[PDB]
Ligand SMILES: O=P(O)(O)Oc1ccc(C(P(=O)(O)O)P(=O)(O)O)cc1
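Presented below, as structure tokens, is a lone chain in the form solved without this ligand.
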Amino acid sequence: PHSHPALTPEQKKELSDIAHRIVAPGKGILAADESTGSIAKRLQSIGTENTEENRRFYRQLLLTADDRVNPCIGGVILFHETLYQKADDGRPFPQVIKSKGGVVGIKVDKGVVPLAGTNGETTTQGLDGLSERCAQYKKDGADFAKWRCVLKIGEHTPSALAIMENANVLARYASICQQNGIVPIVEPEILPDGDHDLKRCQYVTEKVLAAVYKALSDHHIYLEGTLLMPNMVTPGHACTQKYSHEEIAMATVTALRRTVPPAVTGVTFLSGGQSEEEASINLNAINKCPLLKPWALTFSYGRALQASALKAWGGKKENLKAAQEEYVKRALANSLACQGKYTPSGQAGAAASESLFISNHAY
């Protein structure tokens, strides 16, 4: 085939630099791009009514954590509303994040849509006018974006259709981002829903990723200016087989080594419905795996970095300092974790708390 410089060296320079800053040694990502709706249940959980102000404040709470979080957070995925919201001190959220050493992020997908003829599978939308938006968001403070595609494992899923479609949508999305100076975090989120073993998930993960990487190659994407955001190869949420953090870690590292080429600046795993602690133990075990990992393996957590903070906050602004603490210890815990220097109080922190399924009540 014939080359056609999609990006000039000048453009390629910036993309790679921005990519690195986010995943620099120890650094991670706080995914707080919860849409006004997905955050509604979060706010309701503690009794706080989903109001413009309540939202702004909670976003600020995490964002105003004292300087201890600085060496912990490399980037923060923001939501459109949040991006234009300001902190009490007059300074707008992106500027706040700026001063704290982190790269600002923004979500660009418009949600999921069903695929006719499939077993309830989906694809994601958000391309129409994405270039126009990227151009604006960039000028308004963001440098990296996030687009989420979902895939279900099951009896007949994922199908070749779901795989090939999403891979292609992510490529389109990626192509647009890089044209507007924005590092695209690609998110092939294979949901851990079902009673599938570790291998089954590993198989699917190796497959979905192998498709994604061929898609980006077709659409001429600058790999060193991207970041993968996959789910860890963990057993299906209803599996009756006991697995150790070393196994999920090994299976996750193998799958990535088999599909993600070394030119990918870094893999930012997300919490597969995992608890704050577990997420950290696993991330740590991943970084301790003897297998040569050519890329930065860090985090991009929403709940794992918020759960206790949102809880402590509990609407009571008096709790502000307490809530910010639960967040910072989590940030520190994970920053250590993404280096294999995290000690979960003696090598086994979160142990299996009454495994409802494996036990005997799942027979």
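Don't overthink the numbering: it's just position in the shown sequence, from 1.
The form deposited with this ligand bound exists for this protein as well; it is not shown, and the discussion that follows is about that form.
J.: Does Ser38 reach this ligand in the deposited complex, with heavy atoms at most 4.5 Å apart?
T.: Answer yes; at least one heavy atom of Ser38 falls within 4.5 Å of this ligand in the deposited complex.
J.: With the partner left out of view, is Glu34 within 4.5 angstroms of this ligand in the deposited complex by any non-hydrogen atom?
T.: Yes, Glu34 lies within 4.5 Å of this ligand in the deposited complex.
J.: Should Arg55 be counted as a contact of this ligand in the deposited complex, where contact means heavy atoms within 4.5 Å?
T.: No, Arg55 stays farther than 4.5 Å from this ligand in the deposited complex.
J.: Can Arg148 be called a contact residue for this ligand in the deposited complex at 4.5 Å between heavy atoms?
T.: Taking the distances in the deposited complex, the answer for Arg148 is yes, it comes within 4.5 Å of this ligand.
J.: Choose from 63 to 71, 38 to 46, 316 to 324, 332 to 340 the stretch whose residues reach within 4.5 Å of this ligand in the deposited complex, heavy atoms counted.
T.: Flagged stretch: 38 to 46.
J.: At a 4.5 angstroms cut-off on non-hydrogen atoms, which residues of 62 to 90 are near this ligand in the deposited complex? List them in order.
T.: The stretch 62 to 90, when checked against this ligand in the deposited complex, contributes no residue at the 4.5 Å heavy-atom cut-off.
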